[PDB]
Amino acid sequence: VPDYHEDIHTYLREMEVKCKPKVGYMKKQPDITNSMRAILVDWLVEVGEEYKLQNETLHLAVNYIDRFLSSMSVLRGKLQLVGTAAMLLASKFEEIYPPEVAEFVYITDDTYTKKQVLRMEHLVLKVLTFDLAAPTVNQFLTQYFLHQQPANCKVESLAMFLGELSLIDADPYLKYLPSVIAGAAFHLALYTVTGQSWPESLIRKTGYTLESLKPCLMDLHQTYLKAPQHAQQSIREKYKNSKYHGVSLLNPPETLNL
Amino acid sequence: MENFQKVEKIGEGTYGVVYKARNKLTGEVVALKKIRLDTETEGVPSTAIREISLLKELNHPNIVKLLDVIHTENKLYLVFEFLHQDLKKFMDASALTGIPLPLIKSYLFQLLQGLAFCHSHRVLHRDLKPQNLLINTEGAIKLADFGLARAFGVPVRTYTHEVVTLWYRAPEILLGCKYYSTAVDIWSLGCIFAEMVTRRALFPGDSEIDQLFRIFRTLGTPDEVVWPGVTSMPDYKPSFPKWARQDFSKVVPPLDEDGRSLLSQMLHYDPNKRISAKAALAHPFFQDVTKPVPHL
Amino acid sequence: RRXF
Ligand SMILES: Cc1nc(N)sc1-c1ccnc(Nc2cccc([N+](=O)[O-])c2)n1
């Protein structure tokens with residue numbers, strides 16, 4: 001009940017700082033790259049589609065991956081094992097019933113055994129110290145959607161699209177807290193669909209002016225402009241569905257009027 | 001685990017058996033929950049995943065404290081503060097005489113405090129029942145078993161096949177709402193409030209339709225006036241019988257005007273108008289609240 | 001799909 005809207009938002013603002021990954025961790029990974037991470041996240045987008053997982057599950061899994069890779073060095077042959085265990089754990093946390101473990105073996109073309117997946121599960125729980133209720137972009141967007149005048153389903157869908165795109169590219173998006181990315185995604189989506197702008201009601205609530213969102217927004221604008229040429233295309237394909245009003249078929253604005 | 005001596009089994013929770021144990025080094029008595037763990041096939045169950053992550057976030061006098069997690073290759077143990085009894089078993093033992101009204105008031109007050117804290121931290125318990133409510137000798141009551149609890153940073157989608165409990169289930173779930181809200185927990189607590197007062201379950205249904213219908217016979221069959229939207233909910237049927245709302249002086253005789261008023265507000269049909277835990281704490285029924293101790 |  002809207003009695004807790006404020007309390008929840010304020011509390012999510014507090015927890016997103018605690019569940020934050022280290023920004024420069026890929027530099028300290030000797031065997032893996034942003035580009036590998038990008039391939040991994042893109043693959044997980046597709047897996048969530050195949051298995052009809054909720055979008056929050058994807059967002060959670062990525063949070064778990066980046067926090068894991070912030071303290072644990074991983075060889076390129078095991079990065080997929082990490083991702084797979086992350087997706088299993090996220091599904092357990094978020095889904096009504098998760099896919100069976102066997103499904104998580106199959107999705108890798110049986111490159112790992114069931115036992116390897118399960119013991120990577122254990123290791124990920126250990127490193128994350130069982131702290132799995134991480135705030136996500138998708139949570140902040142969902143709360144921001146209560147402030148549309150009036151609610152517009154292209155705006156929502158496009159904001160979700162932009163939110164997910166940001167999961168793919170560690171540089172730049174690891175620099176920004178989820179509430180900030182959600183802020184930029186919402187404005188850019190609203191702007192793209194209607195020409196309107198980050199509402200004062202959300203400026204009061206988040207304490208974010210449009211100007212404070214500008215660095216993240218310029219990044220997100222470039223990402224949106226360059227989305228059709230990006231090596232990774234799963235999110236674009238996903239958001240072509242009628243479910244989402246084709247938003248990823250709408251044309252991005254060549255300027256932000258900033 | 002070397003520093004714990006199991007004393008005796010005290011119960012079971014969601015996918016784990018609960019033991020009374022003592023720390024051999026410090027002397028502290030704890031409740032140890034040993035998770036049912038299948039290391040080859042399914043891994044750590046989703047109940048333990050949720051209970052651990054959510055309870056680590058929740059530090060409040062009326063929520064059971066997780067002291068430690070002991071996670072080895074083939075075993076998972078959760079260490080909790082020890083509490084002496086559950087509410088179900090206390091009211092079984094207080095049948096005949098009844099739980100004294102002042103103690104009922106105290107427990108409700110405290111449960112509302114723990115619930116309010118959960119909700120303000122985006123946690124839905126989802127399975128409030130007396131068996132999950134724990135009491136100590138000093139008069140405290142605490143929420144326990146967060147195995148079915150969910151974080152609602154995004155709205156929680158209802159289960160096609162509900163595993164939760166029939167008797168304390170909200171009418172919006174039974175009529176097929178798409179999402180839970182914090183109101184489902186208020187509804188359960190309202191049922192537990194009435195149950196302490198009258199010494200029996202308010203709505204003891206034997207199935208889903210019978211559960212709805214037992215609610216309808218006491219509260220009256222809902223309509224658009226009382227619950228806008230109800231007639232176009234997925235499992236609503238125009239052939240539902242029409243029962244009259246009962247006077248709450250008949251439903252809960254012992255309870256005074258303030259108690260009847262709070263109850264009816266906790267059992268409001270429309271989840272959007274059902275009173276919140278925070279608001280319920282401001283109700284005049286808790287003006288004269290005290291902290292008596294139970295006879296265990 | 002096997003993946004790097
Ligand atoms: C963590 C936990 N989950 C439960 N479910 S019960 C439980 C717990 C925690 C602390 N103390 C107790 N003690 C206790 C005493 C008496 C009865 C019951 N019960 O399980 O039936 C429990 N139980």
# chains A, B, ... in the order shown; residues from 1 in each chain; ligands from 1
$ residues_around --residues "residue 269 in chain B" --least-positions-apart "6" --cutoff "8 Å" --atoms "only C-alpha atoms" --output "MDAnalysis selection string"
chainID B and resid 171:172 222 226:227
$ residues_near_ligand --ligand "ligand 1" --cutoff "10 Å" --atoms "only C-alpha atoms and all ligand atoms" --output "ChimeraX atom specification"
/B:9-20,29-34,51,64-66,78-90,130-136,142-147
$ residues_around --residues "residue 2 in chain C" --least-positions-apart "2" --cutoff "8 Å" --atoms "only C-alpha atoms" --output "list in words"
residues 108, 109 and 111 of chain A
$ residues_around --residues "residue 251 in chain B" --least-positions-apart "3" --cutoff "12 Å" --atoms "only C-alpha atoms" --output "number ranges by chain"
B: 191, 193-195, 197-203, 215, 217-219, 245-248, 254-256, 259-260, 263-264
$ residues_around --residues "residue 49 in chain B" --least-positions-apart "6" --cutoff "12 Å" --atoms "only C-alpha atoms" --output "PyMOL selection string"
(chain A and resi 88-94+121-122+124-126+128-133) or (chain B and resi 14-15+35+37+43+55-56+69+76+78+146-151)
$ closest_atom_pairs --of "chain A" --to "chain C" --cutoff "10 Å" --atoms "only C-alpha atoms" --output "Markdown table"
| residue | atom | partner | partner_atom | distance |
| --- | --- | --- | --- | --- |
| A:32 | CA | C:4 | CA | 8.7 |
| A:33 | CA | C:4 | CA | 9.8 |
| A:35 | CA | C:4 | CA | 9.6 |
| A:36 | CA | C:4 | CA | 6.5 |
| A:37 | CA | C:4 | CA | 9.6 |
| A:39 | CA | C:3 | CA | 8.2 |
| A:40 | CA | C:3 | CA | 7.9 |
| A:43 | CA | C:1 | CA | 8.6 |
| A:75 | CA | C:4 | CA | 9.7 |
| A:76 | CA | C:4 | CA | 5.9 |
| A:77 | CA | C:4 | CA | 6.8 |
| A:78 | CA | C:4 | CA | 9.3 |
| A:79 | CA | C:4 | CA | 8.4 |
| A:80 | CA | C:3 | CA | 6.7 |
| A:81 | CA | C:3 | CA | 10.0 |
| A:106 | CA | C:1 | CA | 8.5 |
| A:107 | CA | C:1 | CA | 6.2 |
| A:108 | CA | C:1 | CA | 4.9 |
| A:109 | CA | C:1 | CA | 5.1 |
| A:110 | CA | C:2 | CA | 8.1 |
| A:111 | CA | C:2 | CA | 6.6 |
| A:112 | CA | C:2 | CA | 9.6 |
$ write_last_selection --atoms "C-alpha atoms" --output "mmCIF file, in the first residue's frame"
data_model
loop_
_atom_site.group_PDB
_atom_site.id
_atom_site.type_symbol
_atom_site.label_atom_id
_atom_site.label_comp_id
_atom_site.auth_asym_id
_atom_site.auth_seq_id
_atom_site.Cartn_x
_atom_site.Cartn_y
_atom_site.Cartn_z
ATOM 1 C CA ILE A 32 38.466 -11.746 -19.141
ATOM 2 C CA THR A 33 37.119 -8.602 -20.700
ATOM 3 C CA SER A 35 33.504 -7.735 -24.265
ATOM 4 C CA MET A 36 33.257 -11.248 -22.858
ATOM 5 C CA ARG A 37 30.974 -9.929 -20.103
ATOM 6 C CA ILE A 39 28.565 -11.657 -24.690
ATOM 7 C CA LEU A 40 27.613 -13.348 -21.377
ATOM 8 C CA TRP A 43 23.304 -14.742 -23.853
ATOM 9 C CA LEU A 75 39.340 -17.805 -16.271
ATOM 10 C CA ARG A 76 37.445 -17.364 -19.581
ATOM 11 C CA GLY A 77 36.493 -21.072 -19.595
ATOM 12 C CA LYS A 78 34.623 -20.681 -16.302
ATOM 13 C CA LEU A 79 32.920 -17.289 -16.860
ATOM 14 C CA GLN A 80 29.910 -19.050 -18.327
ATOM 15 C CA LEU A 81 29.773 -21.272 -15.202
ATOM 16 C CA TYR A 106 21.487 -27.937 -20.940
ATOM 17 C CA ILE A 107 21.615 -24.197 -21.751
ATOM 18 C CA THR A 108 25.426 -24.355 -21.784
ATOM 19 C CA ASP A 109 25.312 -27.299 -24.222
ATOM 20 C CA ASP A 110 26.446 -29.517 -21.321
ATOM 21 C CA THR A 111 29.860 -27.878 -21.047
ATOM 22 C CA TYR A 112 29.526 -28.209 -17.235
#
$ interface_residues --of "chain B" --to "chain A" --cutoff "9 Å" --atoms "only C-alpha atoms" --output "PyMOL selection string"
chain B and resi 39-47+49-50+52-54+56-57+71-73+119-122+150-160+181-183+271-276+278-279
$ write_last_selection --atoms "N, CA and C atoms" --output "compact mmCIF listing (two decimals), in the first residue's frame"
# COMPACT_ATOMS: atom_id res chain seq x y z
N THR B 39 22.55 -32.14 -2.37
CA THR B 39 23.77 -31.62 -2.98
C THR B 39 24.00 -32.05 -4.43
N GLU B 40 23.46 -33.20 -4.85
CA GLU B 40 23.67 -33.65 -6.24
C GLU B 40 22.64 -33.08 -7.21
N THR B 41 21.39 -32.94 -6.77
CA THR B 41 20.32 -32.65 -7.72
C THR B 41 19.76 -31.22 -7.78
N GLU B 42 19.40 -30.60 -6.67
CA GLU B 42 18.73 -29.30 -6.78
C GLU B 42 19.44 -28.10 -6.12
N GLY B 43 20.38 -28.39 -5.22
CA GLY B 43 21.13 -27.36 -4.51
C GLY B 43 20.40 -26.71 -3.34
N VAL B 44 20.74 -25.45 -3.06
CA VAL B 44 20.13 -24.71 -1.93
C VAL B 44 18.69 -24.33 -2.25
N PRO B 45 17.73 -24.77 -1.43
CA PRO B 45 16.34 -24.47 -1.81
C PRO B 45 15.99 -22.99 -1.80
N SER B 46 15.00 -22.64 -2.60
CA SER B 46 14.62 -21.25 -2.77
C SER B 46 14.07 -20.67 -1.45
N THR B 47 13.53 -21.53 -0.59
CA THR B 47 13.06 -21.07 0.72
C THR B 47 14.19 -20.60 1.61
N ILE B 49 17.16 -19.61 0.45
CA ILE B 49 17.72 -18.44 -0.24
C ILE B 49 16.97 -17.19 0.21
N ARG B 50 15.65 -17.24 0.18
CA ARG B 50 14.84 -16.08 0.53
C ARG B 50 14.92 -15.76 2.02
N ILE B 52 17.22 -16.48 4.27
CA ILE B 52 18.52 -15.90 4.65
C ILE B 52 18.69 -14.46 4.16
N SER B 53 18.48 -14.23 2.86
CA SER B 53 18.76 -12.89 2.32
C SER B 53 17.86 -11.86 2.97
N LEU B 54 16.58 -12.17 3.14
CA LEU B 54 15.63 -11.20 3.70
C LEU B 54 15.81 -10.97 5.20
N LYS B 56 18.58 -11.36 7.03
CA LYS B 56 19.81 -10.57 7.20
C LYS B 56 19.57 -9.07 7.09
N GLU B 57 18.57 -8.68 6.31
CA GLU B 57 18.23 -7.27 6.19
C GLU B 57 17.32 -6.77 7.31
N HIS B 71 27.60 -22.77 6.48
CA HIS B 71 27.40 -23.24 5.12
C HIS B 71 28.60 -24.08 4.75
N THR B 72 28.46 -25.39 4.83
CA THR B 72 29.53 -26.31 4.46
C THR B 72 29.18 -27.07 3.18
N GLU B 73 30.06 -27.96 2.78
CA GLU B 73 29.92 -28.68 1.51
C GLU B 73 28.56 -29.39 1.41
N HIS B 119 7.27 -4.36 5.81
CA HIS B 119 6.66 -3.72 4.68
C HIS B 119 7.44 -2.47 4.25
N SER B 120 7.92 -1.72 5.24
CA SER B 120 8.70 -0.53 4.95
C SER B 120 10.08 -0.91 4.35
N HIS B 121 10.46 -2.19 4.46
CA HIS B 121 11.70 -2.69 3.89
C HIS B 121 11.43 -3.61 2.68
N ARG B 122 10.30 -3.37 2.02
CA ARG B 122 9.83 -4.14 0.86
C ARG B 122 9.84 -5.68 0.99
N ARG B 150 8.77 -12.70 0.17
CA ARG B 150 9.23 -12.16 -1.12
C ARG B 150 9.57 -10.67 -1.01
N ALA B 151 10.65 -10.24 -1.68
CA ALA B 151 10.94 -8.80 -1.89
C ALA B 151 10.03 -8.24 -2.96
N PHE B 152 9.37 -7.12 -2.66
CA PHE B 152 8.45 -6.51 -3.60
C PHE B 152 8.93 -5.16 -4.13
N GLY B 153 10.23 -5.07 -4.40
CA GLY B 153 10.75 -3.93 -5.17
C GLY B 153 10.11 -3.83 -6.55
N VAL B 154 9.72 -4.98 -7.09
CA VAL B 154 8.79 -5.06 -8.21
C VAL B 154 7.62 -5.89 -7.67
N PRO B 155 6.39 -5.63 -8.12
CA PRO B 155 5.26 -6.37 -7.61
C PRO B 155 5.37 -7.88 -7.79
N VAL B 156 4.95 -8.61 -6.76
CA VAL B 156 5.03 -10.06 -6.73
C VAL B 156 3.81 -10.71 -7.39
N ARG B 157 4.08 -11.51 -8.41
CA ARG B 157 3.05 -12.20 -9.16
C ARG B 157 2.47 -13.38 -8.35
N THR B 158 1.15 -13.50 -8.32
CA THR B 158 0.55 -14.56 -7.52
C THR B 158 0.88 -15.92 -8.12
N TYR B 159 0.86 -16.93 -7.27
CA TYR B 159 1.13 -18.31 -7.65
C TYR B 159 -0.12 -18.95 -8.26
N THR B 160 0.00 -19.54 -9.44
CA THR B 160 -1.14 -20.28 -10.04
C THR B 160 -1.69 -21.27 -9.02
N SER B 181 -0.21 -7.77 -2.55
CA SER B 181 0.18 -6.50 -1.95
C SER B 181 0.36 -6.73 -0.44
N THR B 182 0.93 -5.75 0.24
CA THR B 182 1.06 -5.80 1.71
C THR B 182 -0.26 -6.14 2.42
N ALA B 183 -1.39 -5.83 1.78
CA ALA B 183 -2.73 -6.09 2.34
C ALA B 183 -3.00 -7.58 2.64
N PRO B 271 -8.36 -4.48 -1.15
CA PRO B 271 -6.99 -4.39 -0.68
C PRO B 271 -6.49 -2.95 -0.58
N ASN B 272 -7.02 -2.07 -1.44
CA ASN B 272 -6.61 -0.67 -1.46
C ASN B 272 -7.10 0.13 -0.25
N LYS B 273 -8.19 -0.33 0.40
CA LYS B 273 -8.77 0.35 1.58
C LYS B 273 -8.49 -0.40 2.89
N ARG B 274 -8.03 -1.63 2.81
CA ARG B 274 -7.63 -2.36 4.00
C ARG B 274 -6.53 -1.56 4.73
N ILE B 275 -6.62 -1.50 6.05
CA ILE B 275 -5.72 -0.65 6.83
C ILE B 275 -4.32 -1.21 6.77
N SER B 276 -3.33 -0.34 6.77
CA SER B 276 -1.94 -0.74 6.73
C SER B 276 -1.46 -1.05 8.11
N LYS B 278 1.15 0.22 9.64
CA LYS B 278 1.56 1.49 10.25
C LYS B 278 0.34 2.24 10.77
N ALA B 279 -0.71 2.31 9.97
CA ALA B 279 -1.92 2.97 10.36
C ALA B 279 -2.59 2.26 11.53
$ residues_around --residues "residue 65 in chain A" --least-positions-apart "5" --cutoff "9 Å" --atoms "only C-alpha atoms" --output "VMD selection string"
chain A and resid 60 70 82 to 83 86 to 87 124
$ atom_distance --atom1 "CA of residue 199 in chain A" --atom2 "CA of residue 241 in chain A"
28.4 Å
$ residues_around --residues "residue 161 in chain A" --least-positions-apart "6" --cutoff "12 Å" --atoms "only C-alpha atoms" --output "ChimeraX atom specification"
/A:45,55,137-138,141,154-155,167-168,181-182,185-186,188-189,220,223-224,227,233-241,244-250
